[PDB]
Amino acid sequence: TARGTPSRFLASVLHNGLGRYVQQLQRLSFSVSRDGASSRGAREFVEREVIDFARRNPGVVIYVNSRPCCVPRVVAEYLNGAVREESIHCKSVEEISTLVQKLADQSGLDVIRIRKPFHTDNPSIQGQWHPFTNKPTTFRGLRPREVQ
Amino acid sequence: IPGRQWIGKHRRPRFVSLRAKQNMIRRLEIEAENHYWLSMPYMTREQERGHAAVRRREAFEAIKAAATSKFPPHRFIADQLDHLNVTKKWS
Amino acid sequence: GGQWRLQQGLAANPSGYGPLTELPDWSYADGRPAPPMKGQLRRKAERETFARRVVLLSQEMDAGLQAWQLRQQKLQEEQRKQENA
Amino acid sequence: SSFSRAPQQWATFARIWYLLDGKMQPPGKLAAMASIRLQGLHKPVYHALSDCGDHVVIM
Amino acid sequence: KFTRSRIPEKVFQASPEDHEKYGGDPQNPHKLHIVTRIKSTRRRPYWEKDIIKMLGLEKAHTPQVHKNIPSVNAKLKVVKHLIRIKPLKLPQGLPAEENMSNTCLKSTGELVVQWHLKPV
Amino acid sequence: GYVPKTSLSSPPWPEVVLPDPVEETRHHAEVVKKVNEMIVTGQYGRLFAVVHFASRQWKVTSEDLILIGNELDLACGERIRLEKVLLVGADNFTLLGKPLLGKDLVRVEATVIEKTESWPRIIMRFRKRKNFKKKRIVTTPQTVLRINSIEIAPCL
Amino acid sequence: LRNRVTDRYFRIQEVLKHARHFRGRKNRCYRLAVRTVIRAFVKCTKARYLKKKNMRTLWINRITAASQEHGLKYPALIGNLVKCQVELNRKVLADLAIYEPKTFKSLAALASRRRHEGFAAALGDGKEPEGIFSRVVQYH
Amino acid sequence: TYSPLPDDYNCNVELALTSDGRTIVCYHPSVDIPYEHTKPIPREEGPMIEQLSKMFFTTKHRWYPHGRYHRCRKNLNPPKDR
Ligand SMILES: [Mg+2]
């Protein structure tokens with residue numbers, strides 16, 4: 001629940017869409033057991049789609065480590081230093097190509113609650129409301145019951 | 001109020017506002033328009049006799065052919081040999 | 001404020017029909033139009049089956065009328081060929 | 001517009017002293033005017049936590 | 001005891017004052033109603049709950065075209081307090097299949113058969 | 001029909017009289033020529049636009065983030081024309097549609113920066129004394145739209 | 001005992017981690033903490049209905065505040081912006097009250113001019129030409 | 001001469017339609033405050049809390065301290081926006 005969890009505001013990393021779009025994914029690190037039943041779907045991702053994924057995003061360098069693991073992992077590292085290690089244990093090929101394209105779409109910010117759905121840094125153009133908007137001025141600025 | 005306000009012999013009095021009246025007078029006007037649109041049938045009972053009997057019979061014969069066509073599904077060598085794949089490895 | 005909308009023949013909910021929720025929300029900046037919304041495809045599906053069911057009922061009203069006037073004209077001639085011999 | 005971020009915040013949440021002469025006025029038409037201002041319900045920057053009530057002076 | 005209600009026949013005969021108040025014509029009546037549920041079938045008897053599913057009226061404010069034949073009408077009299085009946089007018093003709101997709105039932109009761117989303 | 005001036009003889013509101021509609025359509029086109037010529041020379045500063053995107057109205061300026069709560073089926077970095085803009089204000093003028101503005105008047109642009117999922121949102125039901133307790137963790141897919149440019153054109 | 005439960009520390013800690021910020025003994029002892037975590041999780045989903053409601057009455061209260069600086073009332077503004085076919089919702093109208101108040105002085109002017117065009121139209125009931133801001137843009 | 005609002009305080013609202021009727025145009029230039037509407041520049045725990053309620057027009061209850069449980073619950077790195 002939102003009082004038990006932290007929060008943050010809506011933000012991009014380095015104004016990600018203004019000048020150019022920079023893909024925020026930096027690395028992907030797969031660990032797939034060759035003789036191992038849990039990595040049987042992830043072995044086919046390395047077989048089929050890890051060449052095809054590595055040509056849709058050239059700015060992400062991919063590692064396939066292939067050691068004796070019991071639970072295969074993908075360690076997605078982002079440009080701002082956040083590390084998402086998600087577990088692809090006993091997933092199909094289809095559930096990983098959605099898993100890995102989701103890590104290549106998101107920014108490296110926390111998946112804690114976002115406070116507002118909008119973030120303007122210059123939110124007012126006609127001047128923010130202060131109490132003296134929509135009030136009339138009087139002659140010589142006299143406050144009430146001011147004689148001179 | 002002596003016991004359980006809205007039940008019993010000595011109930012709590014409830015009164016009608018204009019709001020609850022204009023909610024009720026406006027339901028009555030919607031109602032009375034339906035008395036007028038139900039007042040003029042296009043055919044009579046003699047003209048619509050059997051006028052949808054060819055489609056009504058055909059609709060049930062698709063409900064009947066839906067119900068008499070239950071069976072266990074076909075069972076393949078595909079789903080059985082595909083469990084041998086759980087020990088697929090690399091060389 | 002929505003009963004003034006019904007007097008003009010607009011929908012009482014402005015998220016009903018009309019240019020606010022039936023126009024496409026976005027287009028590409030290459031100019032090419034978007035693939036359709038999932039709510040507009042569903043709204044066009046319930047509107048084809050309502051126009052499918054208008055025609056089906058409006059044909060069966062005028063197929064049972066023209067079947068009835070044949071049966072009275074069949075049954076006049078069944079009398080007109082029976083006031084004889 | 002174009003203030004620095006601290007004096008503009010002092011502009012929006014400053015509190016205003018209202019005079020409200022209540023001679024021959026009913027004390028609940030006086031009350032329903034001051035109670036809007038003491039809550040700050042006449043500011044579009046109203047929020048219950050924001051503490052946006054103003055000073056009312058009823059003579 | 002609370003039973004079903006017979007609505008007598010001095011109710012569904014329309015006096016000539018009524019054809020001015022509503023837009024109907026006795027000579028050449030309409031072919032189709034648009035029935036729309038507007039009031040819940042909860043706290044209503046089970047025979048009124050059955051007729052509401054029979055007519056295709058499970059969702060409120062969902063319009064439904066029906067024939068103006070005297071048998072469909074007899075089902076409409078039992079649940080006339082839960083519905084709003086209004087005649088399906090067609091300003092253009094009934095939509096042939098070339099115009100079957102770009103139709104739109106307006107709220108006035110009528111079914112326009114070309115529905116662009118451009119002003120006039 | 002003359003009533004002497006008592007308290008209830010008059011209404012409490014002042015009898016506001018609306019102007020002559022041939023003086024007023026002439027004064028209207030006198031206004032629109034000013035607001036057209038404030039656009040032709042570029043007298044505006046930055047513009048806010050009020051856009052009916054996904055299901056709701058965002059009030060939107062250049063260079064700001066907009067969090068959508070549904071997946072938009074776009075590659076990240078793809079540029080979008082947001083149609084359906086219904087108010088375009090500047091410092092000195094506004095143009096509001098009826099309901100929407102012309103497509104050849106204002107062009108709002110937006111870029112897909114990121115496509116996240118929401119934080120895990122708990123759905124938990126409980127009824128006392130009934131052994132009824134169900135718990136469900138849902139996340140929604142979300143995109144974030146960076147609005148790049150609100151442009152305007154002299155078509156009034 | 002053939003097989004007993006070894007994973008029970010990790011089942012306690014799924015419920016105790018959600019209760020860590022509570023008061024008293026409902027953060028430590030699991031039997032009290034499970035009844036408060038449940039009640040906290042029930043309140044969290046029933047507050048998705050009251051976040052939406054409490055935002056709208058806050059928008060309505062901020063619009064009532066700003067349309068009274070310009071003399072109108074809330075119903076005279078909101079109902080009359082509909083008759084000008086201006087389909088701005090309450091969230092945007094509260095944003096124009098605070099962040100762009102020259103436009104809220106324009107929308108309170110549009111709503112009031114349409115309001116005067118409705119008094120001046122419905123006095124001479126019958127055929128009279130509509131006001132400038134009373135024409136509907138019909139769509140077909 | 002008709003004014004939909006008394007254009008005296010905020011801006012001079014000019015309303016107009018286009019010749020289509022499909023956009024409502026407003027021109028609202030900002031209002032300068034006149035020079036004549038302006039003035040020139042003029043050039044124990046107990047008694048302490050009573051003297052702070054008088055200064056800021058609060059009650060006494062926001063000046064008493066809070067215990068430790070509320071002090072170390074407070075976020076010290078709050079999410080800054082804008
Ligand atoms: Mg009692």
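Quick reminder, even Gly has a Cβ in these numbers, built from the backbone with ideal geometry, and neighbours come from all protein chains shown. Every read-out reported here was derived from the displayed coordinates using simple, explicitly stated rules and does not represent laboratory data.
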Problem - Filter result for the condition that a residue is closer than 30 Å to G:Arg62 by Cβ and surrounded by fewer than 19 Cβ atoms within 10 Å (Cβ to Cβ), over A:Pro136, A:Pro58, A:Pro68 - result: A:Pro136
Problem - Selected residue (criterion: surrounded by the fewest Cβ atoms within 10 Å (Cβ to Cβ)) from residues of region H:33-46 that are part of a loop (DSSP other than H, G, I, E, B) and within 10 Å of chain A (Cβ to nearest Cβ) - result: H:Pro40
Completion exercise
E:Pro45: passes all of (1) over 17 Å from the mean Cα position of the chain (by Cα); (2) facing chain B (nearest Cβ under 7 Å); (3) not hydroxyl-bearing (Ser, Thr, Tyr) but (2)
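Looking at region G:119-140, which of its residues are part of a helix (DSSP H, G or I), more than 10 Å from chain H (Cβ to nearest Cβ) and touching a strand residue (DSSP E or B) at 6+ places or on another chain (Cβ under 8 Å)?
Within region G:119-140, no residue meets the criteria.
Conditions (1) facing another protein chain (nearest Cβ under 7 Å); (2) of a type in the set (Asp, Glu); (3) under 19 Å from C:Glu48 (Cα atoms), marked per residue:
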{"site": "E:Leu55", "(1), (2), (3)": "no, no, no"}
{"site": "E:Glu58", "(1), (2), (3)": "no, yes, no"}
{"site": "E:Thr62", "(1), (2), (3)": "no, no, yes"}
{"site": "E:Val72", "(1), (2), (3)": "no, no, no"}
{"site": "E:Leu82", "(1), (2), (3)": "no, no, no"}
{"site": "E:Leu94", "(1), (2), (3)": "yes, no, yes"}
{"site": "E:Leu111", "(1), (2), (3)": "yes, no, yes"}
Fill in the blank from the handout: Of the candidates A:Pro131, A:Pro144, the one satisfying the condition of being exposed (fewer than 13 other Cβ atoms within 10 Å of the Cβ) and part of a loop (DSSP other than H, G, I, E, B) is A:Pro144
Exercise for the section: Please tell me if A:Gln106 is surrounded by fewer than 17 Cβ atoms within 10 Å (Cβ to Cβ) and out of contact with any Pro (no Cβ under 9 Å at 6 or more places or on another chain). Expected result: no
Exercise for the section: Just give me the residues in region F:36-78 being facing another protein chain (nearest Cβ under 7 Å) and outside any loop (DSSP other than H, G, I, E, B), in sequence order. Expected result: F:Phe48, F:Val50, F:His52, F:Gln57, F:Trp58, F:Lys59, F:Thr61, F:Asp64, F:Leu65, F:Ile66, F:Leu67
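Residue under question is H:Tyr64, and the condition is that it be more than 14 Å from chain F (Cβ to nearest Cβ) and closer than 27 Å to G:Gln68 by Cα; does it hold? Break it down stepwise before answering.
Values: more than 14 Å from chain F (Cβ to nearest Cβ): yes; closer than 27 Å to G:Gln68 by Cα: no.
So H:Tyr64 fails the test.
Is one or more of the residues making up region C:4-13 among the aromatic types (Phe, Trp, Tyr), within 18 Å of E:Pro63 (Cβ to Cβ) and more than 14 Å from chain B (Cβ to nearest Cβ)? Let's see the steps before the verdict.
So the first thing to find is which residues in region C:4-13 are among the aromatic types (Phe, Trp, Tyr), and the list is C:4.
Filter once more, keeping what is within 18 Å of E:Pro63 (Cβ to Cβ): none.
Scanning region C:4-13, I find no residue that is among the aromatic types (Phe, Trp, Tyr), within 18 Å of E:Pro63 (Cβ to Cβ) and more than 14 Å from chain B (Cβ to nearest Cβ), so the answer is no.
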Practice task
Filter region C:17-38 for residues that are buried (at least 17 other Cβ atoms within 10 Å of the Cβ) and touching a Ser or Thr at 6+ places or on another chain (Cβ under 8 Å) and give the result.
Solution key: C:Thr21
Exercise for the section: Only residues in region G:4-33 that are hydroxyl-bearing (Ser, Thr, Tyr) count as the first member; pair them with residues that are surrounded by 10 or more Cβ atoms within 10 Å (Cβ to Cβ), Cβ under 8 angstrom, at least 6 apart or cross-chain, and list the lot. Expected result: G:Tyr30/G:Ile12; G:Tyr30/G:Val15; G:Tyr30/G:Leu16
Exercise for the section: Exactly one condition in (1) among the polar types (S, T, N, Q); (2) outside any loop (DSSP other than H, G, I, E, B); (3) in contact with a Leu (Cβ under 8 Å, 6 or more places away or on another chain) is not met by E:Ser71; state its number. Expected result: (3)
Exercise for the section: List every residue pair whose Cβ atoms sit under 8 Å apart, with the two residues 6 or more apart in sequence or on different chains, where the first one lies in region E:38-53 and is within 19 Å of E:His66 (Cβ to Cβ) and the second, anywhere, is of a type outside the set (A, V, I, L, M) and part of a loop (DSSP other than H, G, I, E, B). Expected result: E:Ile38/E:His61; E:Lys39/E:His81; E:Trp47/E:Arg4; E:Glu48/E:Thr41; E:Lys49/E:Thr41; E:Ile52/E:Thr41; E:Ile52/E:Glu58
Fill in the blank from the handout: Picked from region C:47-85 (must be β-branched (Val, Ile, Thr) and surrounded by 13 or more Cβ atoms within 10 Å (Cβ to Cβ)), the residue farthest from E:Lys67 (Cα to Cα) is C:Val55
Exercise for the section: Could you tell me whether region E:19-34 includes any residue that is out of contact with any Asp or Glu (no Cβ under 6 Å at 6 or more places or on another chain), among the acidic types (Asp, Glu) and at the interface with chain B (Cβ under 9 Å from one of its Cβ atoms)? Expected result: yes
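Does region D:19-30 contain any residue that is within 30 Å of H:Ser30 (Cα to Cα) and either outside any strand (DSSP E or B) or at the interface with another protein chain (Cβ under 9 Å from one of its Cβ atoms) (or both)? Walk me through it before giving the result.
Quick first cut of region D:19-30, residues within 30 Å of H:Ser30 (Cα to Cα) only: D:19-20.
Next, from what is left, pick out any that are either outside any strand (DSSP E or B) or at the interface with another protein chain (Cβ under 9 Å from one of its Cβ atoms) (or both): D:19-20.
Checked against the condition, which is being within 30 Å of H:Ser30 (Cα to Cα) and either outside any strand (DSSP E or B) or at the interface with another protein chain (Cβ under 9 Å from one of its Cβ atoms) (or both), region D:19-30 yields at least one hit.
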Completion exercise
Selection from region H:1-32 of residues more than 19 Å from A:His130 (Cα to Cα), at the interface with chain F (Cβ under 9 Å from one of its Cβ atoms) and touching a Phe, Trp or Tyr at 6+ places or on another chain (Cβ under 9 Å) yields H:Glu14, H:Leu15, H:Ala16, H:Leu17, H:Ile24, H:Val25, H:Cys26, H:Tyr27
Practice task
Would you check if there is a residue in region A:31-49 being surrounded by 15 or more Cβ atoms within 10 Å (Cβ to Cβ) and in a strand (DSSP E or B)?
Solution key: yes
Exercise for the section: Read through the list (1) over 18 Å from G:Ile132 (Cβ atoms); (2) more than 31 Å from the chain's Cα centre (by Cα), then give the number of the only condition that F:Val22 fails. Expected result: (1)
Completion exercise
Checked G:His21, G:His116 against criteria (at the interface with another protein chain (Cβ under 8 Å from one of its Cβ atoms), more than 20 Å from the chain's Cα centre (by Cα) and assigned to a loop (DSSP other than H, G, I, E, B)); the one match is G:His21
Practice task
Please state which of the following conditions B:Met43 fails to meet, knowing it meets all the rest: (1) of a type in the set (A, V, I, L, M); (2) exposed (fewer than 10 other Cβ atoms within 10 Å of the Cβ); (3) more than 16 Å from the ligand (Cβ to nearest atom).
Solution key: (2)
Handout entry: Qualifying residue in region B:5-26 (condition: out of contact with any helix residue (DSSP H, G or I) (no Cβ under 7 Å at 6 or more places or on another chain), of a type in the set (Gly, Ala, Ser), within 14 Å of another protein chain (Cβ to nearest Cβ) and more than 16 Å from the ligand (Cβ to nearest atom))
Key = no
Problem - Failed item, numbered, when B:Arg56 is tested on (1) surrounded by 10 or more Cβ atoms within 10 Å (Cβ to Cβ); (2) among the basic types (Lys, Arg); (3) away from the ligand (no atom under 16 Å from the Cβ); (4) more than 26 Å from the chain's Cα centre (by Cα) - result: (4)
Handout entry: Residue, surrounded by the fewest Cβ atoms within 10 Å (Cβ to Cβ), within region D:14-53, restricted to residues that are under 27 Å from F:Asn92 (Cβ atoms) and over 8 Å from the mean Cα position of the chain (by Cα)
Key = D:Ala14
Problem - Test for F:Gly69: is it within 25 Å of A:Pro123 (Cβ to Cβ) and exposed (fewer than 14 other Cβ atoms within 10 Å of the Cβ) - result: yes
Practice task
For F:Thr94, state whether it is buried (at least 17 other Cβ atoms within 10 Å of the Cβ), assigned to a strand (DSSP E or B), among the hydroxyl-bearing types (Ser, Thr, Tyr) and more than 19 Å from the chain's Cα centre (by Cα).
Solution key: no
